[PDB]
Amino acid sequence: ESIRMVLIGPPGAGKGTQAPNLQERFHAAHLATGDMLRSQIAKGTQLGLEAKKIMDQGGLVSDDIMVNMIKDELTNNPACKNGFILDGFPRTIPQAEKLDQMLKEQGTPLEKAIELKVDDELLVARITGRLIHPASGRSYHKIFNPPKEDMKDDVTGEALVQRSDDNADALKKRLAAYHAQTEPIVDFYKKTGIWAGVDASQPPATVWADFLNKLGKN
């Protein structure tokens, strides 16, 4: 029950929705670079204030920053000994190449790169209806996956918010960047044989079952 894997998917595909499933199953560190950035933002740090502007425009934060963030976490974070789930990294070919390098040196290569495949049309409704609990990252959807207490993080009472980069202006820039910059990474992993595609247009439980199936564990 150990995994070192990457999650690749467009904005809205369902990475943050499935990761908890993977965490519980494999007890791996969930390293979501979007969550790390948002953490910077909330501490009011300088890196956070600069990342915030770019994120809100549907831009990508620079590779150097993102590689250093991940290198430190792989290195100093003890929870990353059991294995890890990279969520949102790598996001560009250079990050992919540098990650490859890093893991060679550490002698812990990636086992799986799961692509969550889902058409762009669907992704707009998903991003438009999303509410997150900002003090965790718990995502809900107004239509597709409602809080019972509306606008309230059901299990823990706290208030739900919209993400600032979930504006359909940012969203268009987010998708174009995914196709232009991130999608090429999929071929990289196809060529090393650790890629598996998952149908992320299905509902959550059906996607997770497909996941297990694809990991070759369940």
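A residue's number is simply how far along the shown sequence it sits, counting from 1.
Higher average CA B factor: 206 to 214, of the stretches 13 to 21 and 206 to 214.
A summary of the deposited B-factors shows that, of 89 to 97 and 73 to 81, the stretch with the larger mean C-alpha value is 73 to 81. Reading the B-factor column for the CA atoms of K104, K117, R130, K112 in the entry, the top value corresponds to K104. When the Cα B-factors of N167, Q57, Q181, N68 are read from the PDB record, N167 comes out highest.
Placement of the Cα temperature factor of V6 within the chain: lowest third of the modelled residues, per the deposited record.
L122 sits in the middle third of its chain by CA B factor, as recorded in the PDB entry. Among the modelled residues of its chain, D35 has a C-alpha B-factor that falls in the lowest third according to the deposited record.
In the deposited entry, the Cα temperature factor of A177 places it in the middle third of its chain's modelled residues.
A159: CA B factor lies in the highest third for its chain, per the PDB record.
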